[PDB]
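Okay, so here's the structure we're looking at.
Read the numbers this way: they start at 1 and go in the same order the structure lists the ligands and their atoms. Order of the sequence lines sets the chain letters (A, B, ...), proteins ahead of strands, with each chain counted from 1.
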There are 2 protein chains.
Amino acid sequence: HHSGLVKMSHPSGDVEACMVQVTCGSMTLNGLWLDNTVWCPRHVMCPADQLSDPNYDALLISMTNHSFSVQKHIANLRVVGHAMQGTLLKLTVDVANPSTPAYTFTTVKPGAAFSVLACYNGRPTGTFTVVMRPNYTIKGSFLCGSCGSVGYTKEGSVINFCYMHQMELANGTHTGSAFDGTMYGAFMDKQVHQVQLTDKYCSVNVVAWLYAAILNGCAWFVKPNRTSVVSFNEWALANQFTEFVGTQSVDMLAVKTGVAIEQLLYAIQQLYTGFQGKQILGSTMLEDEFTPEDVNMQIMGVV
Amino acid sequence: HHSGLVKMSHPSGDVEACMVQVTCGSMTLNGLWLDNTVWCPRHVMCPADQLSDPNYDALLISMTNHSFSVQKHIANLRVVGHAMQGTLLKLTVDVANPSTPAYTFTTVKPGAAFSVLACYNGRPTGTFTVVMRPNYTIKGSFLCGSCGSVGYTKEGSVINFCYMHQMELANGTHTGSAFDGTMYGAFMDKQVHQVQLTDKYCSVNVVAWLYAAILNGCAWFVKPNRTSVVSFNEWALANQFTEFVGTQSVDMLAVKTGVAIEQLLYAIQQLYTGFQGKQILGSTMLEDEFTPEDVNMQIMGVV
Ligand SMILES: *[C@H](O)[C@H](C[C@@H]1CCNC1=O)NC(=O)[C@H](CC(C)C)NC(=O)OC[C@@H]1CCC(=O)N1CCC1CCCCC1
Ligand SMILES: *[C@H](O)[C@H](C[C@@H]1CCNC1=O)NC(=O)[C@H](CC(C)C)NC(=O)OC[C@@H]1CCC(=O)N1CCC1CCCCC1
């Protein structure tokens, strides 16, 4: 029986209309064009021989407005100002994007999902959705030239930009910047080996997945036994789980199914020791890539 | 280690601009507006009391052009002609869609992937990618009102429309129509219980996934032992696998990794009996939802 759950991304058209190519000397990547501003990773200023130990402050001073080229491929924009904010460049152009959507900037938190528009040379090429891992990486699909690809969520008609792609880590995962210019996690935008924080199971997302299983008639793992939130969170710290924090979205699932959160916290502790040959929604391992919001929307039609 | 593989959909903007709402009496769903034509499922003509045993021929005769309303939400189109082709209606409107992309119509084959734009009331709400299963269903995410949502692939700038959503099966999976009006599989657009053909593992996609594992440095399952294509396909018929048919995309992966296809056919036969506690790209079961094309594009950057 299919759970009715897929990896669902927002329709990407609104963001496609904001994507541009930024070139600086021998370097090129993607930028995001909103109003009179173009955001892009600052290592577009770095020549290939200094990617390991860049001096971005000196690099920025060496630039003029004519050091940058901004092109929209799907118009050439004259750059009239340039500034650096953290790991991003803010270029000012003389044309406001006529397709600028209603938007804000936000930081995404571990366990939360967002949509990514992967672009190359200013051309959108694919879209997918990821969850911010507890170690502030994402399990993405990014190749050379993808930097400046953007991640976002959408509230109503308002796009909430939360990610701009910067780099691939040694374990194949990815990270980038929020639009305040801070890198997610402790990462730096330099091409050197960097310490990787341990990843964890996202407990709230595992709980959501188990509710999705109940909503599909799969509840063999549900017992009257209960583990309290405080008891589970002590257990989580010793077992590579995030501490559980309940939300209204989770409570809706408890109300719909009639299964208490603490019943699923107990089930998680037992299932972590092993599924014993049984499957939950086609899986023999805990799934934490679906949020409570995903389950409410895709299965219950609740937004 | 992350494989670098995600469920990747095409950017949906080109298709969002073609989506409309179609209303017929008390029924409403989505349509696809291309040139002067609007395609939509024919059961928009059915009142709720006849969804089990509809007479679409008599229903169509009872309609006039003014029986239909077509609205674009993200202009109201006057309907000037109506016709039925299989399980779809072809409405003719008096305005050509100014955002009509270059397009064709095609039928997708089992094992092949395509992008879906899920819409409600003519408003796109999400995008995801699915593989046509060997029993001509897809493992989608569709709720009431999603009918007329469209599936497509993209070759260059040309959109290849291949699916229009029609119904949910008893096991939670989904099916719909090609744009020649034929339903995928043996399914009928009536709200009755229908025979479900058995699903199968898509062997060519499993082979692609094992190549992706090798490309990520995971090759413990590779042995000098080989099973021929003809020998495997005899085995497949007795073990719920599709018969393997090689392609140029698969051959590229063999050339890149230096591992022969027949080596992976042997590995599949052994892995089908059990992973013996080991994992491949984070999984303890065979994965068939990634195509050879997905692996070539996402990992090797080859399109
Ligand atoms: C920008 O388009 C680019 C996106 C990358 C390319 C491959 N996949 C991506 O997501 N970003 C970069 O190339 C980064 C530029 C820096 C921040 C100045 N660097 C980066 O992503 O380096 C990836 C390399 C290659 C694999 C790996 O482990 N790794 C990490 C850096 C470091 C290099 C030296 C050896 C230890 C690891
Ligand atoms: C159109 O928007 C709609 C899309 C559906 C709604 C739920 N998810 C979807 O993908 N399509 C329909 O409602 C179909 C209309 C027919 C083709 C005239 N019917 C349909 O999808 O029926 C689904 C029902 C409910 C679950 C189930 O097993 N099933 C199959 C039909 C039949 C009904 C009678 C009892 C046995 C199963």
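- The shortest N or O to N or O distance between A:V192 and ligand 1 is not below 3.5 Å.
- For ligand 1, the atoms closer than 4.0 angstrom to any heavy atom of A:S146 are 2 (O), 4 (C).
- When the heavy atoms of A:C147, A:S149, B:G4 are ranked by distance to atom 2 (O) of ligand 1, first place goes to A:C147.
- Against a heavy-atom cut-off of under 4.0 Å, A:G145 is close to the following atoms of ligand 1: 2 (O).
- Residues B:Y152 and B:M164 have side chains not in contact (no heavy-atom distance under 4.5 Å, counting atoms from C-beta outward).
- Heavy-atom separations between B:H165 and ligand 2 include at least one value shorter than 4.0 Å.
- Between A:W33 and A:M19, the closest side-chain pair of non-hydrogen atoms is not below 4.5 Å.
- Neither the backbone nor the side chain of B:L29 comes within 4.0 Å of ligand 2, counting heavy atoms alone.
- In this structure, the side chain of A:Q194 engages the main chain of A:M188 through a donor-acceptor pair within 3.5 Å.
- Residue B:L51 places no N or O, backbone or side chain, under 3.5 Å from any N or O of ligand 2.
- Using a 4.5 Å heavy-atom cutoff, the side chains of A:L88 and A:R42 are not in contact.
- For the pair B:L32/B:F179, a side-chain contact is recorded, criterion being any heavy-atom separation below 4.5 Å from C-beta on.
- Near A:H174, meaning under 4.0 Å from one of its heavy atoms, ligand 1 places the atoms 10 (O).
- For A:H174 (side chain) and A:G140 (main-chain N/O), a donor-acceptor pair under 3.5 Å exists by modelled atom type.
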Intermediate values then yes/no, side chain to side chain donor-acceptor pair (under 3.5 Å), B:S12 and B:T127: CA-CA 7 Å; B:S12 62; B:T127 191; 5.0 Å; no

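- Heavy atoms of other residues, nucleotides or ligands lying less than 6.0 angstrom from OH of B:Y136 number 12 at most.
- Distances below 4.0 Å separate heavy atoms of A:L169 from the following atoms of ligand 1: 28 (O).
- Interface of A:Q166 with ligand 1, defined as ligand atoms under 4.0 Å from a residue heavy atom, comprises 3 (C), 11 (N), 12 (C), 14 (C), 17 (C).
- Near A:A170, meaning under 4.0 Å from one of its heavy atoms, ligand 1 places the atoms 28 (O).
- The shortest N/O to N/O separation between B:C144 and ligand 2 does not fall below 3.5 Å.
- Counting heavy atoms from C-beta on, the side chains of B:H165 and B:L29 never come closer than 4.5 Å.
- When only interatomic distances are considered, the shortest N/O to N/O separation between B:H193 and ligand 2 does not fall below 3.5 Å.
- The option from A:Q191, A:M167, A:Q196 that lies nearest to atom 33 (C) of ligand 1, judged by heavy atoms, is A:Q191.
- Residue A:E168 has at least one N or O atom closer than 3.5 Å to an N or O atom of ligand 1.
- Looking only at distances, a side-chain donor or acceptor of A:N30 sits under 3.5 Å from a matching main-chain atom of A:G145.
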